[PDB]
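S.K.: One structure is given below, represented as structure tokens, and several questions about it will come after.
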Amino acid sequence: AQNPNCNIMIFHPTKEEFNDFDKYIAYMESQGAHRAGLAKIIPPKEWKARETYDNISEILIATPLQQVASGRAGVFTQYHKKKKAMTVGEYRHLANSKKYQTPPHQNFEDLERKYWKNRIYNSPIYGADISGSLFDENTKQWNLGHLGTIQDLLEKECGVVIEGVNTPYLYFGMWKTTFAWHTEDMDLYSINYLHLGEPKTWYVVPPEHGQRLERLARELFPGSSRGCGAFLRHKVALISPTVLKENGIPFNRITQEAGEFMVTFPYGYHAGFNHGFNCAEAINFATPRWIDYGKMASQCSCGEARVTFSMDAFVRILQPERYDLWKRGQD
Ligand SMILES: O=C(O)CNC(=O)C(=O)O
Ligand SMILES: [Mg+2]
Ligand code: NI
Ligand SMILES: [Zn+2]
């Protein structure tokens with residue numbers, strides 16, 4: 001079996017190998033990359049996402065989210081308080097302010113230490129889940145706005161024809177902005193490209209061990225667990241690497257830098273934080289190997305997780321028994 005220790009793999013495709021997205025994902029899995037739950041792909045040196053970022057300040061963050069934490073440094077929840085709209089120019093200036101900027105630090109490890117020590121005492125502002133793309137339309141390779149759609153994958157594999165669309169989202173981060181422990185909707189893959197700015201640190205649990213993380217989370221967030229059978233779908237719970245190590249949860253960590261892609265694999269729990277002002281673009285995708293994960297994916301039926309138009313159809317076709325009780329939560 002390839003990659004039996006479930007290490008995060010880093011790939012360096014050639015420009016020739018960067019032409020066929022599906023085929024390269026299949027290659028990475030042939031080498032065991034999915035066992036980690038997360039892979040890093042460094043694009044060929046010849047490739048560019050776009051010519052420059054020189055006009056990005058005019059993008060609007062309609063609903064910036066202030067991420068307020070509750071709990072202890074290693075085990076906390078975050079709630080998202082909606083703030084007034086601001087441009088990316090305004091946001092970048094805010095990120096660079098004395099109140100919000102990255103603190104002095106020696107290296108990524110010292111900054112990771114400062115994050116876990118001090119995250120809970122601050123409320124950074126995240127511009128998340130903004131529909132859009134920063135890939136140039138003339139970028140033909142690994143353009144996250146030109147991927148094959150999940151609906152088309154389901155049609156190719158299963159013959160069924162469903163409504164829904166699949167588009168990318170932009171994320172504007174600052175120091176301490178946080179993504180809580182989660183898998184993707186319907187345990188899809190994701191791909192994330194860090195367009196510009198400061199790094200993003202990721203933590204991931206191998207898919208084969210995801211249930212271990214879930215069991216820990218029910219012990220650590222016991223009232224949340226009683227309220228919903230899939231509360232990690234709410235995307236509010238954080239657990240530090242120290243706490244994971246204390247409880248024997250297998251995980252890995254890696255830092256993504258500007259210009260790099262990350263791929264999360266089906267049922268690969270992940271969480272992380274931003275080091276400073278940055279902009280990432282991400283989208284869900286499917287392969288044939290996903291279909292079984294989609295059939296088995298948990299769902300939030302408490303009604304908090306409140307999910308997309310397109311996820312309806314996935315549930316309806318792959319999980320017809322759930323369909324009924326799941327859409328009572330989403331209506
Ligand atoms: O970049 C972020 O804040 C969160 N990204 C993801 O969880 C992802 O790409 O799957
Ligand atoms: Mg602009
Ligand atoms: Ni994700
Ligand atoms: Zn729920």
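Ordering of the structure tokens sets the chain letters (A, B, ...); residue numbers start at 1 within each chain; ligands are numbered from 1 in the order shown.
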Do you have, as JSON lines, the list of residues of segment 134-167 of chain A lying at most 12 Å from segment 194-217 of chain A, each with its nearest atom pair and that distance in Å to one decimal, counting only C-alpha atoms and ordered by chain then number?

M.R.:
{"residue": "A:134", "atom": "CA", "partner": "A:195", "partner_atom": "CA", "distance": 7.9}
{"residue": "A:135", "atom": "CA", "partner": "A:195", "partner_atom": "CA", "distance": 8.9}
{"residue": "A:136", "atom": "CA", "partner": "A:195", "partner_atom": "CA", "distance": 11.8}
{"residue": "A:143", "atom": "CA", "partner": "A:195", "partner_atom": "CA", "distance": 11.8}
{"residue": "A:144", "atom": "CA", "partner": "A:195", "partner_atom": "CA", "distance": 11.6}

S.K.: Where does chain A meet ligand 2 within 10 Å, residue by residue, with the nearest atom pair and distance in Å to one decimal for each, counting only C-alpha atoms and all ligand atoms, listed by chain and rising number, as a Markdown table?

M.R.:
| residue | atom | partner | partner_atom_place_in_ligand_line | distance |
| --- | --- | --- | --- | --- |
| A:53 | CA | ligand 2 | 1 (Mg) | 8.7 |
| A:54 | CA | ligand 2 | 1 (Mg) | 7.9 |
| A:55 | CA | ligand 2 | 1 (Mg) | 4.2 |
| A:56 | CA | ligand 2 | 1 (Mg) | 3.7 |
| A:57 | CA | ligand 2 | 1 (Mg) | 4.6 |
| A:58 | CA | ligand 2 | 1 (Mg) | 3.2 |
| A:59 | CA | ligand 2 | 1 (Mg) | 4.9 |
| A:60 | CA | ligand 2 | 1 (Mg) | 8.4 |
| A:87 | CA | ligand 2 | 1 (Mg) | 8.6 |
| A:88 | CA | ligand 2 | 1 (Mg) | 7.9 |
| A:89 | CA | ligand 2 | 1 (Mg) | 8.5 |

S.K.: DSSP on the backbone, then: every residue of segment 161-269 of chain A marked strand (DSSP E or B), written as a PyMOL selection string.

M.R.: chain A and resi 169-173+178-182+189-197+200-204+237-239+252-256+261-264

S.K.: Given the choices A:283, A:302, A:313, A:75, which gets closest to ligand 3 if the distance is worked out from only C-alpha atoms and all ligand atoms?

M.R.: A:283

S.K.: Need to verify the contact set: residue 72 of chain A, 10 Å, only C-alpha atoms, exclusion of same-chain residues closer than 5 positions in sequence. Can you return it as a ChimeraX atom specification?

M.R.: /A:77,116-117,119-121,238-239

S.K.: How would the residues just chosen look if you wrote them out with N, CA and C atoms as an mmCIF file, in the first residue's frame?

M.R.:
data_model
loop_
_atom_site.group_PDB
_atom_site.id
_atom_site.type_symbol
_atom_site.label_atom_id
_atom_site.label_comp_id
_atom_site.auth_asym_id
_atom_site.auth_seq_id
_atom_site.Cartn_x
_atom_site.Cartn_y
_atom_site.Cartn_z
ATOM 1 N N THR A 77 -14.497 27.281 20.474
ATOM 2 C CA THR A 77 -15.401 27.499 19.353
ATOM 3 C C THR A 77 -15.295 28.881 18.891
ATOM 4 N N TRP A 116 -1.574 29.439 18.715
ATOM 5 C CA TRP A 116 -2.287 28.568 19.626
ATOM 6 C C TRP A 116 -2.278 29.108 21.032
ATOM 7 N N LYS A 117 -1.273 29.913 21.385
ATOM 8 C CA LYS A 117 -1.229 30.502 22.682
ATOM 9 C C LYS A 117 -2.257 31.621 22.782
ATOM 10 N N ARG A 119 -4.665 32.864 20.128
ATOM 11 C CA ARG A 119 -5.769 33.069 19.171
ATOM 12 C C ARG A 119 -7.039 33.523 19.904
ATOM 13 N N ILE A 120 -7.342 32.844 21.003
ATOM 14 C CA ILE A 120 -8.637 33.065 21.635
ATOM 15 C C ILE A 120 -8.818 34.479 22.172
ATOM 16 N N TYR A 121 -7.721 35.200 22.379
ATOM 17 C CA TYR A 121 -7.865 36.525 22.961
ATOM 18 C C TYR A 121 -8.059 37.625 21.940
ATOM 19 N N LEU A 238 -12.533 24.292 17.111
ATOM 20 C CA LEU A 238 -11.089 24.193 16.988
ATOM 21 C C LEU A 238 -10.507 23.374 18.093
ATOM 22 N N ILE A 239 -9.519 22.596 17.714
ATOM 23 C CA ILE A 239 -8.787 21.711 18.629
ATOM 24 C C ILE A 239 -7.351 21.812 18.229
#
